[PDB]
Amino acid sequence: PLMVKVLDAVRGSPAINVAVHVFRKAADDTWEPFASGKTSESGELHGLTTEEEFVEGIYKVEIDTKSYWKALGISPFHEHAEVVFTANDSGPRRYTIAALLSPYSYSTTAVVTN
Amino acid sequence: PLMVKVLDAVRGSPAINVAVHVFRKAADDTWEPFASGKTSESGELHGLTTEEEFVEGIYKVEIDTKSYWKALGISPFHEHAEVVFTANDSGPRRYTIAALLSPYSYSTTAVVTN
Amino acid sequence: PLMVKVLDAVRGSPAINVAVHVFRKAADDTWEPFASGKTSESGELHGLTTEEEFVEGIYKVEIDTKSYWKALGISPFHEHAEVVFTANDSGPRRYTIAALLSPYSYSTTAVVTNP
Amino acid sequence: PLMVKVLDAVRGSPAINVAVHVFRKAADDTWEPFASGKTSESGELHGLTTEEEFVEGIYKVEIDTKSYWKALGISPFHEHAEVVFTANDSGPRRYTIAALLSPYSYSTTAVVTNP
Ligand SMILES: O=C(O)c1ccc2nc(-c3cc(Cl)cc(Cl)c3)oc2c1
Ligand SMILES: O=C(O)c1ccc2nc(-c3cc(Cl)cc(Cl)c3)oc2c1
(Lines give C-alpha, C1' and ligand atoms only; values in the text may rest on other atoms or scores of the structure.)
(Ligands and ions follow the chains in the order given, each with its own letter.)
Protein backbone atom coordinates (compact mmCIF):
# COMPACT_ATOMS: atom_id res chain seq x y z
CA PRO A 1 0.00 0.00 0.00
CA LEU A 2 3.02 2.35 0.45
CA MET A 3 6.02 2.69 -1.82
CA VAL A 4 8.74 5.30 -1.99
CA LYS A 5 10.69 6.12 -5.16
CA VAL A 6 13.70 8.45 -5.19
CA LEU A 7 15.43 9.86 -8.25
CA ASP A 8 18.65 11.86 -8.75
CA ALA A 9 18.38 14.92 -10.99
CA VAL A 10 22.17 15.47 -11.15
CA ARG A 11 23.17 12.05 -12.42
CA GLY A 12 19.94 11.08 -14.14
CA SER A 13 19.52 7.89 -12.18
CA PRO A 14 17.66 6.27 -9.38
CA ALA A 15 18.88 7.43 -5.94
CA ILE A 16 20.32 4.19 -4.58
CA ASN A 17 20.92 3.28 -0.93
CA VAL A 18 19.05 6.26 0.43
CA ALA A 19 17.76 5.80 4.00
CA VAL A 20 14.06 6.40 4.41
CA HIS A 21 12.12 6.53 7.67
CA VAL A 22 8.37 6.48 7.93
CA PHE A 23 6.55 7.76 11.03
CA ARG A 24 2.92 7.82 12.07
CA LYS A 25 1.51 10.72 14.05
CA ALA A 26 0.44 9.59 17.53
CA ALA A 27 -2.44 10.82 19.61
CA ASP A 28 -0.13 13.14 21.53
CA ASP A 29 1.15 14.67 18.31
CA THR A 30 4.54 13.01 18.45
CA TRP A 31 5.96 11.01 15.55
CA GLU A 32 6.11 7.30 16.18
CA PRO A 33 8.37 5.06 14.12
CA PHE A 34 6.43 3.08 11.59
CA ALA A 35 8.71 1.57 8.80
CA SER A 36 12.12 2.15 7.34
CA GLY A 37 14.61 0.92 4.81
CA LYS A 38 17.13 1.83 2.12
CA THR A 39 16.22 2.39 -1.53
CA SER A 40 17.15 -0.35 -3.93
CA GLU A 41 19.09 -0.25 -7.15
CA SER A 42 15.93 1.07 -8.83
CA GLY A 43 15.52 3.83 -6.23
CA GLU A 44 12.53 2.07 -4.72
CA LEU A 45 11.59 0.96 -1.33
CA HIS A 46 8.92 -1.64 -1.15
CA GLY A 47 7.71 -3.79 1.72
CA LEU A 48 7.30 -0.98 4.20
CA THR A 49 3.89 -1.99 5.47
CA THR A 50 0.89 -4.13 4.91
CA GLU A 51 -2.70 -3.23 4.32
CA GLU A 52 -3.60 -4.34 7.82
CA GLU A 53 -1.05 -2.03 9.46
CA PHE A 54 -1.50 1.06 7.18
CA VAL A 55 -4.54 2.64 8.76
CA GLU A 56 -5.82 6.13 8.17
CA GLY A 57 -3.77 8.84 9.77
CA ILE A 58 -0.98 11.32 9.21
CA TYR A 59 2.32 9.89 8.02
CA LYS A 60 5.77 11.41 7.55
CA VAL A 61 8.28 10.04 5.10
CA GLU A 62 11.78 11.31 5.90
CA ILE A 63 14.33 10.83 3.17
CA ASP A 64 18.01 11.17 4.23
CA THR A 65 19.13 13.31 1.36
CA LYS A 66 22.11 14.79 3.20
CA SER A 67 23.89 11.46 3.61
CA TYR A 68 23.08 10.59 -0.01
CA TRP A 69 24.79 13.69 -1.38
CA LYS A 70 27.73 13.48 1.02
CA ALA A 71 28.45 9.88 -0.09
CA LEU A 72 28.73 11.21 -3.63
CA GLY A 73 31.10 13.91 -2.44
CA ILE A 74 28.56 16.71 -2.87
CA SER A 75 27.65 19.38 -0.21
CA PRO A 76 23.88 19.69 -0.08
CA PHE A 77 21.53 22.25 1.31
CA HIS A 78 18.90 20.29 3.15
CA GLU A 79 19.16 18.20 6.30
CA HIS A 80 16.62 15.77 4.81
CA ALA A 81 13.48 15.83 2.80
CA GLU A 82 10.18 15.39 4.57
CA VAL A 83 6.87 14.42 3.01
CA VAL A 84 3.90 14.63 5.36
CA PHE A 85 0.41 13.53 4.26
CA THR A 86 -2.86 11.99 5.31
CA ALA A 87 -3.79 8.47 4.33
CA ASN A 88 -7.54 8.49 3.61
CA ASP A 89 -9.58 5.33 3.05
CA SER A 90 -12.11 7.07 0.75
CA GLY A 91 -9.38 7.70 -1.84
CA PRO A 92 -7.45 5.04 -3.84
CA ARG A 93 -5.62 2.28 -2.01
CA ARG A 94 -2.01 2.39 -3.17
CA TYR A 95 0.30 5.29 -2.45
CA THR A 96 3.55 6.00 -4.17
CA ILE A 97 5.60 8.83 -2.71
CA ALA A 98 8.09 9.97 -5.35
CA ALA A 99 10.97 12.43 -4.81
CA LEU A 100 13.39 14.01 -7.27
CA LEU A 101 16.61 15.23 -5.68
CA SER A 102 19.12 17.99 -6.45
CA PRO A 103 21.70 19.43 -4.05
CA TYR A 104 19.73 22.63 -3.33
CA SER A 105 16.25 21.48 -4.36
CA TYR A 106 13.77 18.67 -4.28
CA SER A 107 10.40 17.88 -5.73
CA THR A 108 7.82 15.39 -4.54
CA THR A 109 4.56 14.01 -5.86
CA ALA A 110 2.01 11.45 -4.85
CA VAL A 111 0.68 8.78 -7.21
CA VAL A 112 -2.42 7.32 -5.58
CA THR A 113 -4.19 4.54 -7.43
CA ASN A 114 -6.44 1.52 -7.14
CA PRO B 1 15.52 1.47 -24.78
CA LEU B 2 13.05 4.43 -24.57
CA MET B 3 10.12 4.81 -22.20
CA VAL B 4 7.99 7.79 -21.34
CA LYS B 5 6.17 8.20 -18.02
CA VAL B 6 3.70 11.01 -17.35
CA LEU B 7 2.22 11.96 -13.99
CA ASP B 8 -0.55 14.39 -12.93
CA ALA B 9 0.29 16.69 -10.02
CA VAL B 10 -3.31 17.94 -9.65
CA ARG B 11 -5.02 14.59 -9.22
CA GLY B 12 -2.11 12.60 -7.87
CA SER B 13 -2.30 9.96 -10.56
CA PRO B 14 -0.73 8.73 -13.71
CA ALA B 15 -1.60 10.92 -16.74
CA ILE B 16 -3.64 8.47 -18.80
CA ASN B 17 -4.32 8.62 -22.55
CA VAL B 18 -1.84 11.39 -23.19
CA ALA B 19 -0.58 11.56 -26.79
CA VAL B 20 3.17 11.47 -27.14
CA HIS B 21 5.18 12.00 -30.33
CA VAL B 22 8.85 11.25 -30.68
CA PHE B 23 10.97 12.85 -33.42
CA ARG B 24 14.56 12.42 -34.50
CA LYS B 25 16.58 15.36 -35.76
CA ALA B 26 17.49 14.92 -39.43
CA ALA B 27 20.61 16.01 -41.23
CA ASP B 28 18.86 19.15 -42.47
CA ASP B 29 17.84 20.07 -38.94
CA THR B 30 14.19 19.23 -39.39
CA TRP B 31 12.32 16.91 -37.03
CA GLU B 32 11.43 13.57 -38.54
CA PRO B 33 8.71 11.41 -37.02
CA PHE B 34 10.14 8.52 -35.11
CA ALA B 35 7.53 6.88 -32.71
CA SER B 36 4.28 7.77 -31.07
CA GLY B 37 1.53 6.49 -28.85
CA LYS B 38 -0.82 7.21 -25.96
CA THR B 39 0.09 6.67 -22.31
CA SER B 40 -1.44 3.67 -20.62
CA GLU B 41 -3.40 3.38 -17.42
CA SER B 42 -0.09 3.59 -15.56
CA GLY B 43 0.95 6.75 -17.41
CA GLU B 44 3.55 4.84 -19.38
CA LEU B 45 4.33 4.42 -22.97
CA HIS B 46 6.42 1.45 -23.84
CA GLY B 47 7.25 -0.13 -27.17
CA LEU B 48 8.28 3.06 -28.90
CA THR B 49 11.44 1.71 -30.47
CA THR B 50 13.93 -1.07 -30.52
CA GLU B 51 17.62 -1.09 -29.82
CA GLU B 52 18.36 -1.47 -33.52
CA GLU B 53 16.37 1.64 -34.47
CA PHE B 54 17.38 3.92 -31.52
CA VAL B 55 20.72 5.18 -32.75
CA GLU B 56 22.67 8.09 -31.36
CA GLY B 57 21.25 11.46 -32.20
CA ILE B 58 19.01 14.25 -30.99
CA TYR B 59 15.47 13.28 -30.09
CA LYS B 60 12.38 15.31 -29.18
CA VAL B 61 9.58 13.92 -27.07
CA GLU B 62 6.44 16.03 -27.45
CA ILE B 63 3.77 15.43 -24.86
CA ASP B 64 0.27 16.76 -25.71
CA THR B 65 -0.47 18.32 -22.38
CA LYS B 66 -3.03 20.78 -23.73
CA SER B 67 -5.44 18.08 -24.89
CA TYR B 68 -4.91 16.21 -21.61
CA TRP B 69 -6.00 19.17 -19.48
CA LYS B 70 -8.85 20.15 -21.79
CA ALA B 71 -10.32 16.61 -21.57
CA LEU B 72 -10.41 17.07 -17.80
CA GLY B 73 -12.15 20.41 -18.24
CA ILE B 74 -9.11 22.44 -17.20
CA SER B 75 -7.61 25.43 -19.16
CA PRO B 76 -3.85 24.99 -19.31
CA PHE B 77 -0.99 27.28 -20.10
CA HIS B 78 1.23 25.33 -22.42
CA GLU B 79 0.63 24.17 -25.97
CA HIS B 80 2.58 20.98 -25.19
CA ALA B 81 5.62 19.91 -23.30
CA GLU B 82 8.80 19.25 -25.21
CA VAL B 83 11.81 17.28 -24.02
CA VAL B 84 14.82 17.45 -26.32
CA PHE B 85 17.98 15.42 -25.61
CA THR B 86 20.90 13.55 -27.09
CA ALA B 87 21.06 9.79 -27.02
CA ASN B 88 24.72 8.86 -26.41
CA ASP B 89 26.05 5.32 -26.68
CA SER B 90 28.83 5.90 -24.10
CA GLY B 91 26.22 6.41 -21.36
CA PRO B 92 23.73 3.81 -20.02
CA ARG B 93 21.43 2.00 -22.42
CA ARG B 94 17.89 2.56 -21.18
CA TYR B 95 16.24 5.96 -21.11
CA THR B 96 13.15 6.87 -19.19
CA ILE B 97 11.77 10.32 -19.86
CA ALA B 98 9.49 11.27 -16.97
CA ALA B 99 7.19 14.32 -16.82
CA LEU B 100 5.08 15.71 -13.99
CA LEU B 101 2.22 17.92 -15.15
CA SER B 102 0.30 20.86 -13.66
CA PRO B 103 -1.87 23.33 -15.57
CA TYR B 104 0.73 26.14 -15.54
CA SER B 105 3.88 24.10 -14.92
CA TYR B 106 5.73 20.94 -15.74
CA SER B 107 8.83 19.15 -14.61
CA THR B 108 10.88 16.56 -16.44
CA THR B 109 13.76 14.26 -15.58
CA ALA B 110 15.75 11.56 -17.25
CA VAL B 111 16.46 8.19 -15.64
CA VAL B 112 19.23 6.57 -17.65
CA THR B 113 20.36 3.12 -16.58
CA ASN B 114 21.95 -0.13 -17.65
CA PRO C 1 18.33 37.47 5.47
CA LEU C 2 15.42 35.02 5.10
CA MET C 3 12.79 35.31 2.40
CA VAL C 4 10.09 32.85 1.33
CA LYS C 5 8.46 32.87 -2.12
CA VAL C 6 5.52 30.66 -3.04
CA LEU C 7 3.97 30.10 -6.49
CA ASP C 8 0.78 28.26 -7.54
CA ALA C 9 1.21 25.83 -10.43
CA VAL C 10 -2.52 25.45 -10.98
CA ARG C 11 -3.45 29.17 -11.26
CA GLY C 12 -0.16 30.41 -12.70
CA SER C 13 0.09 33.02 -10.01
CA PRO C 14 1.81 33.86 -6.79
CA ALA C 15 0.43 31.83 -3.88
CA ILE C 16 -1.06 34.58 -1.73
CA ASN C 17 -1.93 34.38 1.94
CA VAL C 18 0.16 31.25 2.60
CA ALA C 19 1.02 30.83 6.28
CA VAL C 20 4.67 30.10 7.00
CA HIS C 21 6.17 29.06 10.35
CA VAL C 22 9.90 28.96 10.97
CA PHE C 23 11.46 26.91 13.78
CA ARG C 24 15.03 26.60 15.01
CA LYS C 25 16.40 23.52 16.64
CA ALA C 26 17.30 24.17 20.30
CA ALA C 27 20.07 22.73 22.42
CA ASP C 28 17.68 20.11 23.73
CA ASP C 29 16.80 19.06 20.20
CA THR C 30 13.28 20.47 20.20
CA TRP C 31 11.93 22.77 17.50
CA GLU C 32 11.61 26.24 18.95
CA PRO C 33 9.30 28.74 17.26
CA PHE C 34 11.48 31.32 15.52
CA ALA C 35 9.25 33.35 13.33
CA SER C 36 6.09 33.31 11.21
CA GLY C 37 4.15 35.27 8.67
CA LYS C 38 2.02 35.12 5.55
CA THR C 39 2.84 35.57 1.87
CA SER C 40 1.77 38.82 0.24
CA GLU C 41 -0.09 39.44 -3.00
CA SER C 42 3.24 38.80 -4.76
CA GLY C 43 3.71 35.45 -3.03
CA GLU C 44 6.56 36.79 -0.92
CA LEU C 45 7.23 36.91 2.73
CA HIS C 46 9.80 39.33 3.98
CA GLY C 47 10.54 40.56 7.48
CA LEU C 48 10.79 37.21 9.23
CA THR C 49 14.04 37.94 11.01
CA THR C 50 17.07 40.14 11.37
CA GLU C 51 20.77 39.44 10.81
CA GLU C 52 21.29 39.68 14.58
CA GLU C 53 18.64 37.19 15.42
CA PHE C 54 19.33 34.81 12.51
CA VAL C 55 22.25 33.05 14.09
CA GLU C 56 23.72 29.73 13.07
CA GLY C 57 21.45 26.79 13.53
CA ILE C 58 19.22 24.20 11.94
CA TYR C 59 16.05 25.85 10.71
CA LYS C 60 12.73 24.46 9.56
CA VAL C 61 10.52 26.46 7.25
CA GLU C 62 7.03 25.02 7.37
CA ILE C 63 4.84 26.20 4.49
CA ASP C 64 1.18 25.58 5.31
CA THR C 65 0.13 24.20 1.95
CA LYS C 66 -2.92 22.32 3.21
CA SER C 67 -4.34 25.45 4.83
CA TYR C 68 -3.70 27.31 1.56
CA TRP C 69 -5.48 24.78 -0.64
CA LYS C 70 -8.35 24.28 1.88
CA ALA C 71 -8.91 28.07 1.96
CA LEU C 72 -9.40 27.80 -1.83
CA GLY C 73 -11.87 24.96 -1.33
CA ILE C 74 -9.52 22.23 -2.64
CA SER C 75 -8.64 18.95 -0.79
CA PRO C 76 -4.87 18.55 -1.13
CA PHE C 77 -2.52 15.62 -0.37
CA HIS C 78 0.19 17.02 1.86
CA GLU C 79 -0.18 18.50 5.31
CA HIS C 80 2.55 21.07 4.67
CA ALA C 81 5.87 21.43 2.95
CA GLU C 82 8.83 21.48 5.41
CA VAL C 83 12.21 22.77 4.33
CA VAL C 84 15.01 21.95 6.84
CA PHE C 85 18.56 23.27 6.52
CA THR C 86 21.60 24.46 8.36
CA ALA C 87 22.05 28.25 8.07
CA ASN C 88 24.86 30.69 8.67
CA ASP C 89 27.43 28.11 9.58
CA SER C 90 30.13 29.84 7.49
CA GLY C 91 28.96 33.23 8.50
CA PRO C 92 25.91 35.22 7.54
CA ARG C 93 24.15 34.40 4.26
CA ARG C 94 20.91 35.50 2.67
CA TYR C 95 18.44 32.72 2.00
CA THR C 96 15.45 32.56 -0.28
CA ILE C 97 13.29 29.49 0.10
CA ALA C 98 11.05 29.15 -2.96
CA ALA C 99 8.21 26.70 -3.36
CA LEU C 100 5.93 25.74 -6.27
CA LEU C 101 2.62 24.17 -5.26
CA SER C 102 0.12 21.80 -6.79
CA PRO C 103 -2.57 19.85 -4.93
CA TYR C 104 -0.65 16.52 -4.97
CA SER C 105 2.90 17.83 -5.44
CA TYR C 106 5.38 20.53 -4.53
CA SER C 107 8.87 21.57 -5.35
CA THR C 108 11.26 23.68 -3.35
CA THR C 109 14.61 25.29 -4.04
CA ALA C 110 17.01 27.53 -2.16
CA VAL C 111 18.91 30.57 -3.36
CA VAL C 112 21.80 31.35 -1.03
CA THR C 113 23.84 34.52 -1.47
CA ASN C 114 26.77 36.01 0.37
CA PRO C 115 26.24 39.73 0.96
CA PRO D 1 5.34 42.07 -20.50
CA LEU D 2 7.69 39.06 -20.82
CA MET D 3 10.25 38.15 -18.20
CA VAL D 4 12.36 35.00 -17.83
CA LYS D 5 13.88 33.86 -14.52
CA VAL D 6 16.28 30.93 -14.24
CA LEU D 7 17.59 29.25 -11.07
CA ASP D 8 20.32 26.59 -10.58
CA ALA D 9 19.32 23.68 -8.35
CA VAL D 10 22.89 22.43 -8.01
CA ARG D 11 24.55 25.70 -6.85
CA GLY D 12 21.54 27.19 -5.07
CA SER D 13 21.90 30.37 -7.05
CA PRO D 14 20.47 32.30 -9.92
CA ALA D 15 21.48 30.80 -13.27
CA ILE D 16 23.55 33.62 -14.72
CA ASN D 17 24.45 34.16 -18.35
CA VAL D 18 21.79 31.77 -19.69
CA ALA D 19 20.95 32.44 -23.35
CA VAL D 20 17.26 32.67 -24.13
CA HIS D 21 15.66 32.81 -27.59
CA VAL D 22 12.00 33.62 -28.13
CA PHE D 23 10.13 32.68 -31.31
CA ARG D 24 6.60 33.41 -32.48
CA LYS D 25 4.67 31.16 -34.78
CA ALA D 26 4.02 32.86 -38.15
CA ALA D 27 1.07 32.57 -40.48
CA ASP D 28 2.91 29.91 -42.45
CA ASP D 29 3.47 27.88 -39.30
CA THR D 30 7.20 28.50 -39.05
CA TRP D 31 8.92 29.75 -35.90
CA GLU D 32 9.98 33.33 -36.47
CA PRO D 33 12.71 34.82 -34.29
CA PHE D 34 11.06 37.29 -31.92
CA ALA D 35 13.60 38.23 -29.36
CA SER D 36 16.62 37.04 -27.40
CA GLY D 37 18.86 37.88 -24.50
CA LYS D 38 20.83 36.54 -21.57
CA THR D 39 20.02 36.24 -17.87
CA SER D 40 21.69 38.71 -15.53
CA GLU D 41 23.55 38.13 -12.28
CA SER D 42 20.13 37.77 -10.64
CA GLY D 43 19.02 35.12 -13.13
CA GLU D 44 16.56 37.47 -14.77
CA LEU D 45 16.02 38.61 -18.27
CA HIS D 46 14.03 41.73 -18.83
CA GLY D 47 13.65 43.91 -21.90
CA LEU D 48 12.76 41.20 -24.40
CA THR D 49 9.78 42.99 -25.87
CA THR D 50 7.27 45.78 -25.60
CA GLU D 51 3.50 45.73 -25.14
CA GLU D 52 3.13 46.99 -28.72
CA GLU D 53 5.23 44.29 -30.22
CA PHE D 54 4.01 41.47 -27.96
CA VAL D 55 0.83 40.77 -29.84
CA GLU D 56 -1.32 37.68 -29.62
CA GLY D 57 0.33 34.54 -30.84
CA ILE D 58 1.94 31.24 -29.98
CA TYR D 59 5.35 31.86 -28.47
CA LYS D 60 8.28 29.58 -27.78
CA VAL D 61 10.79 30.47 -25.11
CA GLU D 62 13.92 28.43 -25.66
CA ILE D 63 16.23 28.40 -22.64
CA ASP D 64 19.70 27.26 -23.68
CA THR D 65 20.37 24.93 -20.79
CA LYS D 66 23.00 22.82 -22.54
CA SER D 67 25.07 25.90 -23.39
CA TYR D 68 24.74 27.00 -19.74
CA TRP D 69 25.91 23.70 -18.27
CA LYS D 70 28.68 23.26 -20.91
CA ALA D 71 30.01 26.75 -20.08
CA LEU D 72 30.33 25.47 -16.48
CA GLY D 73 32.18 22.40 -17.73
CA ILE D 74 29.29 19.97 -17.06
CA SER D 75 27.81 17.49 -19.62
CA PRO D 76 24.03 17.80 -19.30
CA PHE D 77 21.15 15.69 -20.68
CA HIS D 78 18.84 18.11 -22.44
CA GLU D 79 19.60 20.27 -25.44
CA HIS D 80 17.43 23.11 -24.12
CA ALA D 81 14.21 23.71 -22.28
CA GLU D 82 11.39 24.95 -24.58
CA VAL D 83 8.31 26.61 -23.14
CA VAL D 84 5.47 27.01 -25.70
CA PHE D 85 2.26 28.91 -24.97
CA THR D 86 -0.43 31.10 -26.39
CA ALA D 87 -0.11 34.71 -25.17
CA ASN D 88 -2.34 37.75 -25.09
CA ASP D 89 -5.36 36.05 -26.54
CA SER D 90 -7.71 37.73 -24.02
CA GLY D 91 -5.85 40.95 -24.21
CA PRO D 92 -2.48 41.98 -22.87
CA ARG D 93 -1.01 40.05 -19.93
CA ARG D 94 2.35 40.04 -18.20
CA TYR D 95 4.18 36.75 -18.29
CA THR D 96 7.02 35.43 -16.19
CA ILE D 97 8.52 32.17 -17.37
CA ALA D 98 10.56 30.64 -14.54
CA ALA D 99 12.83 27.65 -14.82
CA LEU D 100 14.80 25.57 -12.29
CA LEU D 101 17.74 23.65 -13.74
CA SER D 102 19.67 20.52 -12.89
CA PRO D 103 21.95 18.58 -15.23
CA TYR D 104 19.39 15.80 -15.96
CA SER D 105 16.17 17.65 -15.09
CA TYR D 106 14.32 20.94 -15.26
CA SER D 107 11.10 22.44 -14.12
CA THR D 108 9.24 25.40 -15.49
CA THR D 109 6.26 27.44 -14.34
CA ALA D 110 4.42 30.52 -15.56
CA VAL D 111 3.15 33.50 -13.60
CA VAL D 112 0.53 35.39 -15.60
CA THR D 113 -0.83 38.71 -14.35
CA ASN D 114 -3.34 41.16 -15.70
CA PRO D 115 -2.06 44.73 -15.38
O1 LIG E 1 6.08 5.18 -9.54
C2 LIG E 1 6.99 5.10 -10.38
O3 LIG E 1 7.38 4.03 -10.88
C4 LIG E 1 7.60 6.40 -10.91
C5 LIG E 1 8.33 6.39 -12.07
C6 LIG E 1 8.90 7.54 -12.59
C7 LIG E 1 8.74 8.71 -11.88
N8 LIG E 1 9.18 9.95 -12.15
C9 LIG E 1 8.79 10.75 -11.14
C10 LIG E 1 8.98 12.12 -10.97
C11 LIG E 1 9.37 12.95 -12.01
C12 LIG E 1 9.52 14.28 -11.82
CL13 LIG E 1 9.98 15.26 -13.19
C14 LIG E 1 9.29 14.84 -10.60
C15 LIG E 1 8.90 14.02 -9.57
CL16 LIG E 1 8.63 14.72 -8.01
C17 LIG E 1 8.74 12.68 -9.73
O18 LIG E 1 8.06 10.01 -10.22
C19 LIG E 1 8.03 8.72 -10.69
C20 LIG E 1 7.44 7.58 -10.19
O1 LIG F 1 9.42 35.95 -10.36
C2 LIG F 1 10.32 35.78 -9.51
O3 LIG F 1 11.02 36.69 -9.01
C4 LIG F 1 10.59 34.36 -9.00
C5 LIG F 1 11.28 34.23 -7.80
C6 LIG F 1 11.55 32.98 -7.26
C7 LIG F 1 11.18 31.86 -7.99
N8 LIG F 1 11.31 30.56 -7.72
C9 LIG F 1 10.80 29.87 -8.74
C10 LIG F 1 10.70 28.48 -8.92
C11 LIG F 1 10.83 27.65 -7.81
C12 LIG F 1 10.72 26.30 -8.02
CL13 LIG F 1 10.85 25.22 -6.69
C14 LIG F 1 10.45 25.80 -9.28
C15 LIG F 1 10.31 26.65 -10.36
CL16 LIG F 1 10.00 26.01 -11.92
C17 LIG F 1 10.44 28.00 -10.20
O18 LIG F 1 10.31 30.73 -9.68
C19 LIG F 1 10.52 31.99 -9.20
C20 LIG F 1 10.20 33.23 -9.75
Side-chain angles (χ1 to χ4, degrees), chain A residues 3-20 38-45 61-85 95-113, chain D residues 3-20 38-45 60-85 95-112:
Chain A
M3 188 263 270
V4 179
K5 177 132 190 119
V6 192
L7 301 174
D8 178 332
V10 172
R11 304 198 289 164
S13 70
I16 306 169
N17 202 35
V18 180
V20 178
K38 295 277 260 170
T39 60
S40 72
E41 286 287 327
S42 65
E44 294 178 3
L45 178 55
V61 173
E62 186 157 66
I63 303 169
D64 185 4
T65 61
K66 187 175 187 185
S67 298
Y68 176 76
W69 293 117
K70 287 178 48 164
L72 292 169
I74 293 165
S75 188
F77 181 73
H78 301 95
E79 288 294 296
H80 44 68
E82 307 265 57
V83 181
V84 183
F85 65 96
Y95 299 75
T96 294
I97 304 296
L100 176 63
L101 308 183
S102 300
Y104 279 69
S105 181
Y106 64 88
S107 186
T108 190
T109 200
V111 190
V112 191
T113 60
Chain D
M3 196 261 276
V4 178
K5 173 113 178 150
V6 192
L7 297 180
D8 179 322
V10 172
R11 293 168 149 247
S13 65
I16 73 171
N17 292 328
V18 180
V20 179
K38 283 204 210 220
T39 60
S40 71
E41 298 276 325
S42 67
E44 298 185 2
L45 171 51
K60 175 169 61 168
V61 175
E62 197 162 54
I63 303 172
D64 292 334
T65 60
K66 179 174 177 179
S67 289
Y68 168 81
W69 292 110
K70 283 183 68 167
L72 295 170
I74 300 199
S75 311
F77 185 76
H78 301 93
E79 293 301 301
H80 44 57
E82 289 169 312
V83 179
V84 184
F85 57 103
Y95 299 84
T96 296
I97 304 306
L100 176 63
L101 306 187
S102 301
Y104 280 73
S105 178
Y106 63 87
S107 64
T108 187
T109 198
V111 181
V112 184

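The figures that follow rest on heavy atoms only: side chains count, while hydrogens, waters and symmetry mates do not. Residue numbers begin at 1 in each chain, while the letters A, B, ... track the order of the sequences.
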Sequence-distant partners of A/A19, side-chain contact (heavy atoms from CB on, under 4.5 Å), two or more places apart: A/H21, A/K38, A/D64

Sequence-distant partners of D/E62, salt bridge (charged side-chain N to carboxylate O under 4.0 Å, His left out), two or more places apart: none

Beyond-backbone contact of A/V61 with A/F85, side-chain heavy atoms, under 4.5 angstrom: yes

Residue-level interface, residues 97-110 of chain A with chain D, non-hydrogen cut-off under 4.5 Å: A/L100, A/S102, A/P103, A/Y104, A/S105

Heavy-atom pair with the smallest gap, counting every atom of D/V18 and D/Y68: CG2-CD1, 3.3 Å

Approximate separation, where rounding is to 0.5 Å, of D/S67 OG and D/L72 CG: 11.0 Å

From D/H80 atom NE2 to D/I63 atom CD1, the distance as rounded to the nearest 0.5 Å: 11.0 Å

Members of residues 4-14 of chain A whose heavy atoms come closer than 4.5 Å to chain D: A/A9, A/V10, A/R11, A/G12

Straight-line distance of D/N17 CG to D/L45 CG, nearest 0.5 Å: 11.5 Å

Exercise: identify the closest heavy-atom pair between D/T65 and D/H78: OG1-O, 4.1 Å

Sidechain-backbone polar pair: A/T39 side chain, A/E44 backbone, donor-acceptor under 3.5 Å: no

